[PDB]
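Sequential numbering from 1 along the given sequence is applied to the chain's residues. Every number for a ligand or one of its atoms is a count from 1 in the order of the listing. Computation of the quantities below employed the complete heavy-atom set of this structure, encompassing side-chain atoms and omitting hydrogens, waters and symmetry-equivalent molecules.
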Amino acid sequence: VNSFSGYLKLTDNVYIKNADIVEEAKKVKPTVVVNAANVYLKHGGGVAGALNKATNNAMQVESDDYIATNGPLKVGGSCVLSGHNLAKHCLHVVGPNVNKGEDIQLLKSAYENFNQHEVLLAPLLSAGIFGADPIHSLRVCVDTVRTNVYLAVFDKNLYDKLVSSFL
Ligand SMILES: O=C(O)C1(c2ccc(Cl)c(Br)c2)CC1
């Protein structure tokens, strides 16, 4: 039993809700919140910009030190950093950005990072400003993630479309 509330159950391990991931993280304080990161951990907009804003820029400060030490992530890769006031940990995951020409096949590799964590609060990878079809992202999530994932979808219209079209 966990504290996630109001989710629709899609499969044995995947759950979904129309919610602002920032507000959901502040309420649940999950062990892991997933960020929709880029390779530079520049949290400018989309989910990343919103999460970073909620940390009063502490996420960005920590991320800049991470990059200075380690260099950029790979597309499809991830790193674990602090969750600050939102979660115990933040798993920064880089899905391919279609608006940069990146290979959509890398979306499966991106979701594989979730399997290293038993339970996660997450957005749909490569959705929103990353330019992929969120219906496809949900399909890849369900077919790749085996651990327990709670998906927050900000847009109500999109949430209803994802549910109504789910096979
Ligand atoms: O939750 C949402 O509405 C969606 C999303 C996902 C990731 C990012 Cl980065 C942004 Br922006 C938006 C899925 C469309």
Side-chain angles (χ1 to χ4, degrees), residues 4-11 14-28 30 32-55 57 59-60 63 72-81 83-84 86-87 89-114 117 119-145 148-167:
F4 289 102
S5 176
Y7 285 74
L8 179 69
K9 181 171 180 58
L10 294 176
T11 67
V14 178
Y15 294 80
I16 196 168
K17 183 183 180 178
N18 171 222
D20 181 351
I21 192 172
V22 171
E23 287 308 307
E24 186 77 6
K26 285 196 286 186
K27 165 174 108 58
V28 176
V32 180
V33 65
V34 173
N35 182 32
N38 59 51
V39 297
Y40 307 111
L41 302 180
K42 285 172 60 93
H43 308 303
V47 170
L51 291 171
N52 176 59
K53 179 177 175 184
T55 76
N57 211 50
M59 177 181 286
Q60 191 63 66
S63 293
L73 296 180
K74 299 170 179 179
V75 179
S78 70
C79 68
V80 180
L81 291 172
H84 300 276
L86 304 178
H89 304 106
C90 179
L91 182 69
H92 295 273
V93 180
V94 184
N97 189 325
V98 178
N99 306 316
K100 300 179 181 178
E102 290 165 356
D103 179 13
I104 194 60
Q105 299 300 132
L106 289 170
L107 187 55
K108 188 174 185 74
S109 300
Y111 273 117
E112 287 170 342
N113 295 285
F114 289 25
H117 303 276
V119 182
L120 315 87
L121 172 62
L124 286 168
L125 298 179
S126 298
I129 69 176
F130 281 61
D133 178 1
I135 297 177
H136 174 67
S137 182
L138 176 57
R139 188 73 260 167
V140 178
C141 181
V142 163
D143 295 339
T144 305
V145 182
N148 291 144
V149 57
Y150 290 83
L151 296 166
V153 177
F154 180 59
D155 190 72
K156 169 61 173 170
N157 285 327
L158 174 60
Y159 170 84
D160 287 347
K161 180 186 190 132
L162 287 163
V163 170
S164 291
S165 62
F166 183 72
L167 223 196

Which N or O atoms of ligand 1 sit under 3.5 Å from a protein N or O, and how far apart is each pair?
from	atom 1	to	atom 2	distance (Å)
ligand 1	1 (O)	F154	N	2.8
ligand 1	3 (O)	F154	N	3.4
ligand 1	3 (O)	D155	N	3.3

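- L81 has its side chain out of reach of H89: every pair of non-hydrogen atoms, C-beta onward, lies at least 4.5 Å apart.
- Rounded to the nearest 0.5 Å, atoms OG1 (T55) and NZ (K53) are 12.0 Å apart.
- Between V93 and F114 the shortest side-chain heavy-atom distance falls below 4.5 Å.
- Note that CG of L124 and CG of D133 are 10.0 Å apart. Values are rounded to the nearest 0.5 Å.
- Using bins of under 30°, 30° to 60° and over 60° for the plane-to-plane angle, the ring pair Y150/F4 lands in the parallel bin.
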Using the side-chain hydrogen bond (donor to acceptor under 3.5 Å, both in side chains) rule, take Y111 and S137 through it: C-alpha gap first, then chi angles, then the decisive distance, then the call.
CA-CA 9 Å; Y111 273 117; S137 182; 2.7 Å; yes
